[PDB]
């Protein structure tokens, strides 16, 4: 049951199943994976494609011949499996040069390098067919207040993204950017810490249409925020270009659990929203198989990502299609929420005694919203307890 196929558009980063298990208190628990092997194993599980940071595919410091060979082998794996590469990104966080940032490093020479590194990989992303180029500015931020003037850093961040937009447009590329928020970790505070901050920033870029967000479940939950609500605001803005799916337990370090783990009900409401909104992008998993696992456990955890999406998709669809739930949604006035407040216009509102002098506030206040009955229908559907 709940068997994924490539038509489900499930994608995985190389760095997900390839995570060796190092952590700040721990050494690797797994050997490195060849990207060719992860392409093959993901395909066999029913994935649609893979994504990469530059340095996941090509070791940092490679010669041009080494680079060609890594890319050749990867392309052969993609061709052998039918896997796609819908998204790529830059690693602007691992190398010590990026310890104060890439695009917002205090050192100008590092900012210029970060841009050159990114632009080299945009070209490769396009080679490989990617439609989206993600940017997670994990090193952009500070541990102390004097270290980083945030106005100046936002000026630098805008320059960087505007240069990248100039570049793609100069080359005639179709690729679009997706900025990935995170509130903290590895920096004490990261710039553009939530979906909202990233959306706001994009509106000040010179070509805003080229940029959207890549929200990650666990990242918004590291700020205690409602991930489905943030996704709804990104969809409302027309900016959900890509998404990272995983699990998180609240406010703590970035756990990157498999999707469905962590906050299960938020996963249900997320799937419900993506499906009802007709989101057409990749269902991408940015997760890490726990370091307790061997390779068999890596593949089990990846399979579980997809399985849980498909279970939740079935249950959300059944919820929305249930006449009893449709009834309950009307009883809770979700239909009224979707109608304009004052399509009659401002003057008409001002002249409507039913809106003020003759509004019976107590009668309106007495009306229950019937939200608990609706929510228990939702729970019953999620649990298969109807």
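Positions refer to the first chain, counted from 1.
Chemist: Between 108-116 and 67-75, which has the larger average Cα B-factor in the PDB entry?
Modeler: Between 108-116 and 67-75, it is 67-75.
Chemist: For the higher mean C-alpha B factor in the entry, choose 76-84 or 178-186.
Modeler: It is 76-84 that shows the higher mean C-alpha B-factor.
Chemist: From the list 256, 294, 149, 209, select the residue with the highest C-alpha B factor recorded in the entry.
Modeler: Top of the list by C-alpha B-factor: 209.
Chemist: Looking at 53, 30, 333, 353, which one carries the largest C-alpha B-factor according to the PDB entry?
Modeler: Reading the PDB entry, the winner on C-alpha B-factor is 353.
Chemist: Mind checking which third residue 95 falls in for C-alpha B-factor across the chain?
Modeler: It belongs to the middle third of the chain when residues are ordered by C-alpha B-factor.
Chemist: According to the PDB entry, is the CA B factor of residue 383 in the bottom, middle or top third of its chain, that is, lowest, middle or highest?
Modeler: According to the entry, residue 383 has a C-alpha B-factor in the chain's middle third.
Chemist: Name the third of the chain's ranked CA B-factors that contains residue 239, choosing lowest, middle or highest.
Modeler: It falls in the middle third of the chain.
Chemist: Split into thirds by Cα B-factor across the chain's modelled residues, where does residue 23 land: lowest, middle or highest?
Modeler: CA B-factor rank for residue 23: middle third.
Chemist: Rank-wise, by C-alpha B-factor, drop residue 233 into the lowest, middle or highest third of its chain.
Modeler: According to the entry, residue 233 has a C-alpha B-factor in the chain's lowest third.
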